[PDB]
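Consider the single chain below, provided in structure tokens and representing the form deposited in one PDB entry.
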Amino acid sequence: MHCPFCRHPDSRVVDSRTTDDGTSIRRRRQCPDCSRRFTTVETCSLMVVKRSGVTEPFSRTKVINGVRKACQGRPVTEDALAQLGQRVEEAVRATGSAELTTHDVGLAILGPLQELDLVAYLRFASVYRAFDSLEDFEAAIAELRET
């Protein structure tokens, strides 16, 4: 890997160790140009198994865009949207699995989303859960009232 301090095309791994739980590998490497050691973390690519079976790369941008579509004309700032996206990403990586279904990401969005805007939660749950009729919205309203 190209040295952050010397831009060398090639570098050698002088240390490679497994991190706790093995969710990452710590690889320190010595460059041959400026001889400055640099450490790197090798982590699994978080994949989202879309509902068509496509495993796209995980992107908090899509999560934030969906929540923003739910949060239209609401007292929800871009800072709050970014914080919710970060919380969703942190939860789904703390789950540990490399591939999460879009259903899991939707659930990870929903439980925090109640705190940012309960009404935005309703618009997000309606599109995400594919609420068939007002019975589904009334059921969703019930659950929001039940704790």
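For every residue, the number given is its place in the sequence shown, counted from 1. We call the rigid core the largest set of C-alpha positions that still match within 1.5 Å between the two forms.
Beyond what is shown, the protein has a form deposited in another entry; the following relates to that form.
With both forms fit on the core, has residue 68 moved 2 Å or more by CA between the shown form and the other one?
It does not, since the residue 68 C-alpha is displaced less than 2 Å between the shown form and the other one after the core fit.
I want to check residue 48: does it shift between the shown form and the other one by 2 Å or more at the Cα, with the core superposed?
For residue 48, whose C-alpha is compared between the shown form and the other one after core superposition, the shift is less than 2 Å.
After superposing the rigid core, is the C-alpha displacement of residue 33 2 Å or more between the shown form and the other one?
Yes, shifts by 2 Å or more.
What direction does the residue 20-residue 56 Cα distance move in that other deposited form compared with the shown chain, closer or farther, given a change of 3 Å or more?
Compared with the shown chain, residue 20-residue 56 is closer in that other deposited form.
Flagged pair residue 89/residue 39: C-alpha distance shifts by 3 angstroms or more in that other deposited form. Which direction, closer or farther?
Farther apart, by at least 3 Å.
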